[PDB]
Amino acid sequence: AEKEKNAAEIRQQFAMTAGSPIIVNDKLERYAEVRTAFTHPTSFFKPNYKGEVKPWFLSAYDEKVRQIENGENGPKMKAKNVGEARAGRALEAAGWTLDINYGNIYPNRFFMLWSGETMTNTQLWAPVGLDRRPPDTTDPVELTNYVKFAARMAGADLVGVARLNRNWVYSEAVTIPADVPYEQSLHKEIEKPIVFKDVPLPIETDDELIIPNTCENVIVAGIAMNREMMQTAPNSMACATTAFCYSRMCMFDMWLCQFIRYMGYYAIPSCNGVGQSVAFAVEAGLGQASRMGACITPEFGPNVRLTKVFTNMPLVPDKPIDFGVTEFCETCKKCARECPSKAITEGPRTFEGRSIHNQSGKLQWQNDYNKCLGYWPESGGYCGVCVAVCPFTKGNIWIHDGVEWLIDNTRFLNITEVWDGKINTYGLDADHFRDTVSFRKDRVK
Amino acid sequence: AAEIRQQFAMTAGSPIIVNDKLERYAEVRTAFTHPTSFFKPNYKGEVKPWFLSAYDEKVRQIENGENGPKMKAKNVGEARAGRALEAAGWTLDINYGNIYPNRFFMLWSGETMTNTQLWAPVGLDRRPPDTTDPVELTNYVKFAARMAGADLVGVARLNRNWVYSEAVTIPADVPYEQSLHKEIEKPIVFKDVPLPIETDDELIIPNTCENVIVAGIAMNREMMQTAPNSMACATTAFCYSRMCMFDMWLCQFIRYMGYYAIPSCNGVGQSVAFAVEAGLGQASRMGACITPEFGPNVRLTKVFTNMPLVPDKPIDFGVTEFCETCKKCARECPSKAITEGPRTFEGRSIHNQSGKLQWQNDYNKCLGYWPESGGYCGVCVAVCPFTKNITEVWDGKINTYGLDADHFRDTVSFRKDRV
Ligand code: SF4
Ligand code: SF4
Ligand code: SF4
Ligand code: SF4
């Protein structure tokens with residue numbers, strides 16, 4: 001008889017002994033955030049469909065407008081009518097409501113404050129003094145249970161803990177001067193060193209973003225995207241589920257930082273800023289690195305967004321997980337063949353970055369992320385075709401052979417219907433929502 | 001669950017019975033804001049703003065390793081944790097309810113929002129609507145509402161009877177830190193204007209604001225059943241921040257579709273009346289809207305719009321007849337706030353709106369218990385049949401946003417359920 005699928009069982013079976021799984025050599029150096037394709041001068045500019053060179057997001061805007069006017073939901077993809085095309089872009093735009101400039105990357109700005117002190121919620125609650133009272137719990141085991149319970153309340157579908165590996169913290173962040181208003185932010189970005197010092201609290205000076213040496217841990221969250229919407233990639237509904245999850249990420253960070261602060265510790269939010277989420281997620285045991293470059297998880301595959309919070313709160317690190325992703329990616333290459341920009345390599349892993357956008361010195365499949373970003377204005381969205389076609393993204397990949405769990409190798413061999421089809425709260429799926437149920441035994445051993 | 005709802009659907013028309021005495025209700029009259037009820041003693045006998053007195057009780061409980069009134073926690077650490085979680089939950093809510101219209105998160109226009117500014121070149125909020133068909137709009141906006149975190153969504157024509165006559169708000173340029181000390185009253189009026197607008201004197205809603213979208217935001221059953229203790233305060237708090245994010249997300253979508261939208265959370269008008277008219281559930285003895293999916297263990301928010309929409313049918317699954325014989329909430333209420341008597345048209349005090357047929361409760365008695373217990377009680381929600389220790393909650397079942405996978409299928413939605 002059918003074995004009732006068991007996500008907890010699966011994670012126990014594939015857990016590895018302690019130790020960062022990421023393989024590195026001597027040329028590894030911390031990576032300046034300005035080097036990402038979003039921000040580096042070599043890649044930030046892309047032509048629009050008339051050949052005008054603009055900031056990538058403005059050229060993408062040009063394509064969204066063109067598609068709506070032409071009744072399309074994506075590149076060469078006819079919508080049912082202009083009304084439908086319009087609605088997909090309205091939904092996508094609305095999704096970004098709680099996110100600054102596509103990612104909340106500027107640290108200690110807007111939603112990403114490194115201290116709770118000026119927040120309206122903090123001020124309201126000040127007479128209770130939760131943020132001033134010394135911790136009443138120092139036991140990492142109890143703390144892990146508490147903070148994970150809180151994280152699920154805060155919208156995480158997956159959560160894990162790792163020691164903070166500084167190799168993945170940006171050497172310098174992209175940010176804006178403190179006196180610069182939002183409307184000028186995009187034309188006033190600067191770089192600022194992220195450094196570690198013997199100081200009691202996270203603090204920013206004119207010169208540096210300073211993280212205390214006591215910042216021992218990172219808490220990593222997975223925010224699940226919607227399967228039906230993502231599978232319309234690269235068209236508008238895939239952009240919408242991407243967008244809503246960035247706002248969910250932001251809520252998570254603030255909710256969790258406030259909980260941690262009110263427990264008597266400090267907390268640094270980050271969303272897409274501060275450090276590399278995939279590395280943290282892999283070290284925290286959410287999943288494994290993959291050919292496309294994302295963290296693939298047992299529950300959602302790569303179809304999940306990541307955010308992370310850094311803290312001095314004592315915690316128990318989770319174990320990394322190995323469920324055979326690396327061996328599947330070696331033989332699969334489906335994302336590489338389907339990629340509209342041919343950004344993803346079909347070759348072996350190496351320690352040498354393909355270009356400035358990759359961090360050399362860690363063993364990974366090296367993808368050309370300038371080619372990736374280039375397809376975004378062309379398609380008028382955030383693509384996501386690699387996520388959509390990855391077999392791990394499919395809802396039913398796991399089978400049980402009577403003794404243990406394993407991946408089904410067979411799995412590796414329209415937008416109107418989505419608008420008219422199944423949906424549920426936050427785009428989560430009741431047919432799989434049991435997979436992320438959590439009891440104490442799931443949060444700490 | 002969709003089965004259940006179509007079985008008990010009634011014909012069109014508001015199920016709320018009213019007489020010729022009914023007048024719109026000034027927000028300041030609520031127990032939260034009225035001068036007769038705003039101040040309560042703390043446990044030392046000091047008179048303070050109700051919430052400040054409630055703070056003193058929370059501090060006192062933490063120090064004494066308690067999760068609620070005379071409810072011992074496993075240890076001080078646990079007590080601390082419950083209050084830290086409760087406090088964090090309110091992160092995206094202003095002053096316990098986001099009631100000031102057109103302030104902070106509750107902006108009546110999207111124009112100054114960072115998201116709107118980033119997206120300005122696409123022109124979605126300036127482009128005339130490409131869809132005016134109410135059937136397609138109802139389907140789009142409900143899909144959007146579920147994306148935005150609603151567990152239930154319904155549409156009704158806007159009954160102005162339930163819109164506050166005057167809102168509680170603050171002057172536009174007053175900073176957050178002075179807000180509580182500078183609350184004022186401001187008329188909400190309807191006029192022939194193209195867009196929602198605020199003047200020095202008035203909050204102006206266009207006469208074209210035809211509809212109200214009501215959302216239900218499900219609270220966590222395990223935590224609410226700890227009422228009046230701290231974990232019941234925590235699920236309350238987290239769902240207020242979910243309300244806020246819903247309003248902002250949905251207003252933005254509606255604006256980007258070419259219409260206008262007014263967010264509200266606990267402000268602008270009375271959520272329970274709207275929810276009943278939009279068919280989410282029925283009014284109850286305790287005063288809440290009881291839903292088939294969640295009973296009363298669900299929060300409400302709403303958005304007002306000129307977007308053409310198909311109103312939902314009100315529902316009647318026997319709540320009124322059940323509440324007539326039950327009286328369990330009234331027996332359990334720690335403050336005896338809830339009447340055991342028949343429904344009347346006459347309010348028990350200033351906090352009630354007279355002229356509508358309802359169970360009349362004494363809500364100053366209810367607020368009175370909040371400083372005493374150091375939380376937001378909720379005992380009535382917890383004991384209500386329609387809804388069905390703290391260490392076991394912290395060690396027990398949880399899932400994303402405190403939703404329950406055993407019941408999450410009940411809120412699945414296809415087009416046929418939307419329009
Ligand atoms: S598509 Fe195949 S090769 Fe690409 S990340 Fe998924 S499993 Fe790996
Ligand atoms: S997002 Fe698109 S263009 Fe970029 S790597 Fe994935 S499939 Fe290729
Ligand atoms: S919240 Fe508590 S005090 Fe108020 S009415 Fe309900 S049971 Fe009574
Ligand atoms: S406890 Fe009983 S009387 Fe009170 S609202 Fe629930 S069903 Fe009605």
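Numbering of ligands and ligand atoms starts at 1, following listing order. The sequence lines fix the lettering, A, B, ..., with proteins before strands; numbering per chain opens at 1.
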Aromatic rings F386(B) and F317(B): how do their planes relate, parallel, tilted or perpendicular, breaks at 30° and 60°? perpendicular
Just by distance, with hydrogens left out, do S20(A) and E283(A) show a side-chain donor and acceptor under 3.5 Å apart? yes
Which ligand 4 atoms are under 4.0 Å away from a heavy-atom of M286(B)? 5 (S)
Which atoms of ligand 4 are found less than 4.0 Å from any heavy atom of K327(B)? 3 (S)
So for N367(A) against ligand 2, with non-hydrogen atoms under 4.0 Å, the contacting part is neither
Per-atom contacts, ligand 2 versus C339(A) - under 4.0 Å to a heavy atom: 3 (S), 5 (S), 7 (S), 8 (Fe)
Does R66(A) come within less than 4.0 Å of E72(A), counting only side-chain N to carboxylate O? yes
Enumerated ligand 1 atoms positioned under 4.0 Å from heavy atoms of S290(A): 5 (S)
Got the closest protein heavy atom to atom 3 (S) of ligand 2, with its distance? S341(A) OG, 3.3 Å
Any idea which atoms of ligand 1 are less than 4.0 Å away from a heavy-atom of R291(A)? 3 (S), 5 (S)
Mark up the atoms of ligand 2 that fall under 4.0 Å of a heavy atom belonging to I344(A), in ascending order. 5 (S)
Between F44(A) and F57(A), what is the ring plane arrangement, given parallel below 30°, perpendicular above 60°, and tilted in between? perpendicular
Does the distance from a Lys or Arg side-chain N to an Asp or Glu carboxylate O, for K46(A) and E52(A), drop under 4.0 Å? no
Check step by step if side-chain contact (heavy atoms from CB on, under 4.5 Å) holds for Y102(A) and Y382(A). CA-CA 11 Å; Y102(A) 299 112; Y382(A) 329 116; 4.0 Å; yes
Determine, considering heavy atoms only, which of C323(B), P296(B), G295(B) sits nearest to atom 8 (Fe) of ligand 4. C323(B)
Could you confirm whether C329(B) has any N/O/S atom lying under 2.8 Å from atom 4 (Fe) of ligand 4? yes
Quick one: which of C386(A), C383(A), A388(A) has a heavy atom closest to atom 6 (Fe) of ligand 2? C386(A)
Looking only at protein heavy atoms, which one is nearest to atom 4 (Fe) of ligand 2, and how far off is it? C372(A) SG, 2.3 Å
Do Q231(A) and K394(A) get their side chains close enough for a donor-acceptor pair, meaning under 3.5 Å? no
Ignoring hydrogens and geometry beyond distance, is a side-chain donor-acceptor pair present between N272(A) and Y246(A) at under 3.5 Å? yes
In ligand 4, the atoms that come under 4.0 Å of a heavy atom of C326(B) are 1 (S), 2 (Fe), 3 (S), 7 (S)
At less than 4.0 angstrom from any non-hydrogen atom of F322(B), what atoms of ligand 4 do you find? 7 (S)
Just checking, is any N or O donor in the side chain of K308(A) or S277(A) under 3.5 Å from an acceptor N or O on the other one? yes
